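A.B. asks: Sharing a structure below in structure tokens format, with a few things to ask.
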Amino acid sequence: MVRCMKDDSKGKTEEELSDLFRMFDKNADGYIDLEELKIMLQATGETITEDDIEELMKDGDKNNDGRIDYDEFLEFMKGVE
Ligand SMILES: [Ca+2]
Ligand SMILES: [Ca+2]
């Protein structure tokens, strides 16, 4: 009769990929592109070139659309590095 019920958000690894996605989105539309990702890289204090930002979308592009979503993210994180 509802004694243990659901638990609180614990340490999630792969299942936590849902939260990491929003961290890459600038407006949270469900998908990201080079234009958006460009502003995300600005967070760091290094020097990135237009060609460097492409490497992220390239290896990340699984649907060949030029963007990234929860689907392409789950695959792009299935062993890249
Ligand atoms: Ca976006
Ligand atoms: Ca795609």
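Residues are named by chain letter and number: chains run A, B, ... in the order of the structure tokens, numbers start at 1 in each chain, and ligands are numbered from 1 in the order shown.
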Need to verify the contact set: region 29-31 of chain A, 6 Å, only C-alpha atoms, exclusion of same-chain residues closer than 2 positions in sequence. Can you return it as an mmCIF file with N, CA and C atoms, in the first residue's frame?
C.D. replies:
data_model
loop_
_atom_site.group_PDB
_atom_site.id
_atom_site.type_symbol
_atom_site.label_atom_id
_atom_site.label_comp_id
_atom_site.auth_asym_id
_atom_site.auth_seq_id
_atom_site.Cartn_x
_atom_site.Cartn_y
_atom_site.Cartn_z
ATOM 1 N N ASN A 27 18.499 27.338 -26.046
ATOM 2 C CA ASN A 27 17.101 27.737 -25.922
ATOM 3 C C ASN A 27 16.224 26.561 -25.493
ATOM 4 N N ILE A 68 21.848 17.628 -33.305
ATOM 5 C CA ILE A 68 21.989 16.585 -32.296
ATOM 6 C C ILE A 68 20.799 16.586 -31.340
ATOM 7 N N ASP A 69 20.269 15.399 -31.064
ATOM 8 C CA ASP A 69 19.130 15.264 -30.163
ATOM 9 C C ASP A 69 19.358 14.129 -29.170
#
A.B. asks: Just the residues within 9 Å of residue 62 (chain A), please, counting only C-alpha atoms, with nothing from its chain fewer than 6 positions along; format it as a list in words.
C.D. replies: residues 68, 71, 72, 73, 75 and 76 of chain A
A.B. asks: I need the residues from that last selection saved to file as a compact mmCIF listing (two decimals), in the first residue's frame (with C-alpha atoms), if you can.
C.D. replies:
# COMPACT_ATOMS: atom_id res chain seq x y z
CA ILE A 68 21.99 16.59 -32.30
CA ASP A 71 18.64 10.03 -30.03
CA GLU A 72 21.91 11.10 -31.65
CA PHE A 73 23.28 11.88 -28.19
CA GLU A 75 24.58 6.99 -29.86
CA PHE A 76 27.32 9.62 -29.91
A.B. asks: Counting only C-alpha atoms, what is within 12 Å of residue 38 (chain A), bar same-chain residues fewer than 6 positions away, as a list in words?
C.D. replies: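 Contacts, with the query itself left out: residues 24, 25, 26, 32, 44, 47, 48, 49, 50, 51, 52, 53, 54, 55, 56 and 57 of chain A.
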A.B. asks: The selected residues should be written to file as an mmCIF file, in the first residue's frame (atoms: N, CA and C atoms).
C.D. replies:
data_model
loop_
_atom_site.group_PDB
_atom_site.id
_atom_site.type_symbol
_atom_site.label_atom_id
_atom_site.label_comp_id
_atom_site.auth_asym_id
_atom_site.auth_seq_id
_atom_site.Cartn_x
_atom_site.Cartn_y
_atom_site.Cartn_z
ATOM 1 N N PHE A 24 23.659 21.445 -23.174
ATOM 2 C CA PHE A 24 24.233 21.793 -24.469
ATOM 3 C C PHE A 24 23.301 22.714 -25.257
ATOM 4 N N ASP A 25 22.021 22.714 -24.894
ATOM 5 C CA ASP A 25 21.036 23.551 -25.571
ATOM 6 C C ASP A 25 21.065 24.974 -25.022
ATOM 7 N N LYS A 26 20.859 25.949 -25.901
ATOM 8 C CA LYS A 26 20.863 27.351 -25.503
ATOM 9 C C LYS A 26 19.443 27.856 -25.266
ATOM 10 N N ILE A 32 20.197 20.734 -31.193
ATOM 11 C CA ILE A 32 21.263 21.726 -31.208
ATOM 12 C C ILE A 32 22.018 21.705 -32.533
ATOM 13 N N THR A 44 33.944 28.150 -22.025
ATOM 14 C CA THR A 44 35.337 27.875 -21.694
ATOM 15 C C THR A 44 36.191 29.121 -21.893
ATOM 16 N N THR A 47 40.734 28.865 -26.827
ATOM 17 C CA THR A 47 40.572 29.421 -28.164
ATOM 18 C C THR A 47 40.103 28.348 -29.143
ATOM 19 N N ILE A 48 38.862 28.473 -29.604
ATOM 20 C CA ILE A 48 38.296 27.513 -30.543
ATOM 21 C C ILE A 48 38.059 28.151 -31.906
ATOM 22 N N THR A 49 38.313 27.387 -32.963
ATOM 23 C CA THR A 49 38.126 27.881 -34.323
ATOM 24 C C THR A 49 36.845 27.317 -34.934
ATOM 25 N N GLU A 50 36.422 27.901 -36.050
ATOM 26 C CA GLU A 50 35.212 27.457 -36.733
ATOM 27 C C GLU A 50 35.325 25.991 -37.143
ATOM 28 N N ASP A 51 36.550 25.553 -37.417
ATOM 29 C CA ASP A 51 36.794 24.172 -37.820
ATOM 30 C C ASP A 51 36.725 23.234 -36.619
ATOM 31 N N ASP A 52 37.095 23.747 -35.450
ATOM 32 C CA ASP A 52 37.075 22.956 -34.226
ATOM 33 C C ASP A 52 35.644 22.651 -33.797
ATOM 34 N N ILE A 53 34.781 23.659 -33.870
ATOM 35 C CA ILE A 53 33.382 23.500 -33.489
ATOM 36 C C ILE A 53 32.671 22.502 -34.401
ATOM 37 N N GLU A 54 33.215 22.302 -35.597
ATOM 38 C CA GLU A 54 32.628 21.373 -36.557
ATOM 39 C C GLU A 54 32.869 19.928 -36.134
ATOM 40 N N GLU A 55 34.031 19.677 -35.537
ATOM 41 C CA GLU A 55 34.386 18.336 -35.085
ATOM 42 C C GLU A 55 33.348 17.793 -34.109
ATOM 43 N N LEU A 56 32.752 18.686 -33.326
ATOM 44 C CA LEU A 56 31.742 18.295 -32.351
ATOM 45 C C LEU A 56 30.451 17.868 -33.042
ATOM 46 N N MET A 57 30.029 18.651 -34.031
ATOM 47 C CA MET A 57 28.808 18.353 -34.772
ATOM 48 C C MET A 57 29.019 17.181 -35.724
#
A.B. asks: Counting only C-alpha atoms and all ligand atoms, give me one row per residue of chain A with an atom at most 6 Å from an atom of ligand 2, showing the shortest contact pair and its distance in Å to one decimal, sorted by chain then residue number, as a Markdown table.
C.D. replies:
| residue | atom | partner | partner_atom_place_in_ligand_line | distance |
| --- | --- | --- | --- | --- |
| A:61 | CA | ligand 2 | 1 (Ca) | 5.5 |
| A:62 | CA | ligand 2 | 1 (Ca) | 5.5 |
| A:63 | CA | ligand 2 | 1 (Ca) | 3.6 |
| A:64 | CA | ligand 2 | 1 (Ca) | 5.2 |
| A:65 | CA | ligand 2 | 1 (Ca) | 4.2 |
| A:66 | CA | ligand 2 | 1 (Ca) | 5.5 |
| A:67 | CA | ligand 2 | 1 (Ca) | 4.6 |
| A:68 | CA | ligand 2 | 1 (Ca) | 5.2 |
A.B. asks: Restricted to C-alpha atoms, what would the selected residues look like written as a short mmCIF file (atom, residue, chain, number, x, y, z; two decimals), in the first residue's frame?
C.D. replies:
data_model
loop_
_atom_site.label_atom_id
_atom_site.label_comp_id
_atom_site.auth_asym_id
_atom_site.auth_seq_id
_atom_site.Cartn_x
_atom_site.Cartn_y
_atom_site.Cartn_z
CA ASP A 61 25.90 13.97 -36.34
CA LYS A 62 24.29 10.54 -36.60
CA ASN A 63 21.14 11.42 -38.54
CA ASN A 64 23.20 13.33 -41.11
CA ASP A 65 20.92 16.33 -40.53
CA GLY A 66 23.59 18.54 -38.99
CA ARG A 67 22.08 18.63 -35.49
CA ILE A 68 21.99 16.59 -32.30
#
A.B. asks: Could you list, as an mmCIF file with N, CA, C and O atoms, in the first residue's frame, every residue within 12 Å of residue 23 (chain A), counting only C-alpha atoms and ignoring same-chain residues fewer than 5 positions away?
C.D. replies:
data_model
loop_
_atom_site.group_PDB
_atom_site.id
_atom_site.type_symbol
_atom_site.label_atom_id
_atom_site.label_comp_id
_atom_site.auth_asym_id
_atom_site.auth_seq_id
_atom_site.Cartn_x
_atom_site.Cartn_y
_atom_site.Cartn_z
ATOM 1 N N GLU A 16 21.470 9.564 -17.037
ATOM 2 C CA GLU A 16 21.597 10.986 -16.736
ATOM 3 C C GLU A 16 21.865 11.805 -18.003
ATOM 4 O O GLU A 16 21.949 13.031 -17.950
ATOM 5 N N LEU A 17 22.003 11.121 -19.137
ATOM 6 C CA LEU A 17 22.267 11.787 -20.408
ATOM 7 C C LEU A 17 21.157 12.774 -20.766
ATOM 8 O O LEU A 17 21.355 13.666 -21.589
ATOM 9 N N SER A 18 19.990 12.609 -20.148
ATOM 10 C CA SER A 18 18.859 13.491 -20.415
ATOM 11 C C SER A 18 19.115 14.893 -19.867
ATOM 12 O O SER A 18 18.662 15.885 -20.437
ATOM 13 N N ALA A 28 16.796 25.359 -25.489
ATOM 14 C CA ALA A 28 16.057 24.163 -25.101
ATOM 15 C C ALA A 28 14.909 23.891 -26.067
ATOM 16 O O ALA A 28 13.739 23.929 -25.684
ATOM 17 N N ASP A 29 15.252 23.616 -27.321
ATOM 18 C CA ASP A 29 14.250 23.338 -28.345
ATOM 19 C C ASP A 29 14.188 21.847 -28.674
ATOM 20 O O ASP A 29 13.328 21.408 -29.437
ATOM 21 N N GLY A 30 15.103 21.069 -28.098
ATOM 22 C CA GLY A 30 15.123 19.640 -28.350
ATOM 23 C C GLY A 30 16.240 19.226 -29.293
ATOM 24 O O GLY A 30 16.558 18.043 -29.406
ATOM 25 N N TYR A 31 16.838 20.203 -29.968
ATOM 26 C CA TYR A 31 17.926 19.933 -30.901
ATOM 27 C C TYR A 31 18.949 21.062 -30.878
ATOM 28 O O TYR A 31 18.614 22.209 -30.581
ATOM 29 N N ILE A 32 20.197 20.734 -31.193
ATOM 30 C CA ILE A 32 21.263 21.726 -31.208
ATOM 31 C C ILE A 32 22.018 21.705 -32.533
ATOM 32 O O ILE A 32 22.072 20.681 -33.215
ATOM 33 N N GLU A 36 24.260 27.182 -32.336
ATOM 34 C CA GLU A 36 24.010 27.161 -30.899
ATOM 35 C C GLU A 36 25.246 26.680 -30.143
ATOM 36 O O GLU A 36 25.718 27.343 -29.220
ATOM 37 N N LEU A 37 25.759 25.521 -30.543
ATOM 38 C CA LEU A 37 26.940 24.944 -29.908
ATOM 39 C C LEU A 37 28.081 25.955 -29.842
ATOM 40 O O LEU A 37 28.919 25.904 -28.942
ATOM 41 N N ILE A 39 27.928 29.101 -29.134
ATOM 42 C CA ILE A 39 27.770 29.916 -27.935
ATOM 43 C C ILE A 39 28.097 29.114 -26.678
ATOM 44 O O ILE A 39 28.500 29.675 -25.659
ATOM 45 N N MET A 40 27.922 27.798 -26.756
ATOM 46 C CA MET A 40 28.201 26.921 -25.624
ATOM 47 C C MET A 40 29.700 26.843 -25.353
ATOM 48 O O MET A 40 30.131 26.810 -24.201
ATOM 49 N N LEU A 41 30.488 26.812 -26.423
ATOM 50 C CA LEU A 41 31.941 26.738 -26.300
ATOM 51 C C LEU A 41 32.503 28.017 -25.690
ATOM 52 O O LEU A 41 33.556 28.000 -25.053
ATOM 53 N N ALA A 43 31.702 29.386 -23.208
ATOM 54 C CA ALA A 43 31.776 29.206 -21.764
ATOM 55 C C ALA A 43 33.217 29.004 -21.310
ATOM 56 O O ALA A 43 33.663 29.610 -20.336
#
A.B. asks: Taking only chain A into account, list the residues labelled helix (DSSP H, G or I) by DSSP (computed from the backbone), as a compact mmCIF listing (two decimals) with C-alpha atoms, in the first residue's frame.
C.D. replies:
# COMPACT_ATOMS: atom_id res chain seq x y z
CA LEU A 17 22.27 11.79 -20.41
CA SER A 18 18.86 13.49 -20.41
CA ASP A 19 20.15 16.25 -18.13
CA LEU A 20 23.43 16.63 -20.02
CA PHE A 21 21.50 17.36 -23.21
CA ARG A 22 19.84 20.52 -21.88
CA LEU A 34 26.75 24.52 -34.85
CA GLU A 35 25.24 27.99 -34.40
CA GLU A 36 24.01 27.16 -30.90
CA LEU A 37 26.94 24.94 -29.91
CA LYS A 38 29.15 27.90 -30.85
CA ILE A 39 27.77 29.92 -27.94
CA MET A 40 28.20 26.92 -25.62
CA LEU A 41 31.94 26.74 -26.30
CA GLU A 50 35.21 27.46 -36.73
CA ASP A 51 36.79 24.17 -37.82
CA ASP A 52 37.07 22.96 -34.23
CA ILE A 53 33.38 23.50 -33.49
CA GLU A 54 32.63 21.37 -36.56
CA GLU A 55 34.39 18.34 -35.08
CA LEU A 56 31.74 18.29 -32.35
CA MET A 57 28.81 18.35 -34.77
CA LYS A 58 30.54 16.03 -37.23
CA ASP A 59 31.30 13.08 -34.95
CA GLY A 60 28.03 13.89 -33.19
CA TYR A 70 18.42 12.76 -27.39
CA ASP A 71 18.64 10.03 -30.03
CA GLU A 72 21.91 11.10 -31.65
CA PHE A 73 23.28 11.88 -28.19
CA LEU A 74 22.68 8.37 -26.87
CA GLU A 75 24.58 6.99 -29.86
CA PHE A 76 27.32 9.62 -29.91
A.B. asks: Hey, can you check how far CA of residue 42 (chain A) sits from CA of residue 77 (chain A)?
C.D. replies: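 That distance, rounded to one decimal, is 22.1 Å.
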A.B. asks: For each of A:46, A:14, A:33, A:7, take the minimum atom-to-atom distance to residue 78 (chain A), counting only C-alpha atoms, then give the residue where this is smallest.
C.D. replies: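 Counting only C-alpha atoms, the residue closest to residue 78 (chain A) is A:14.
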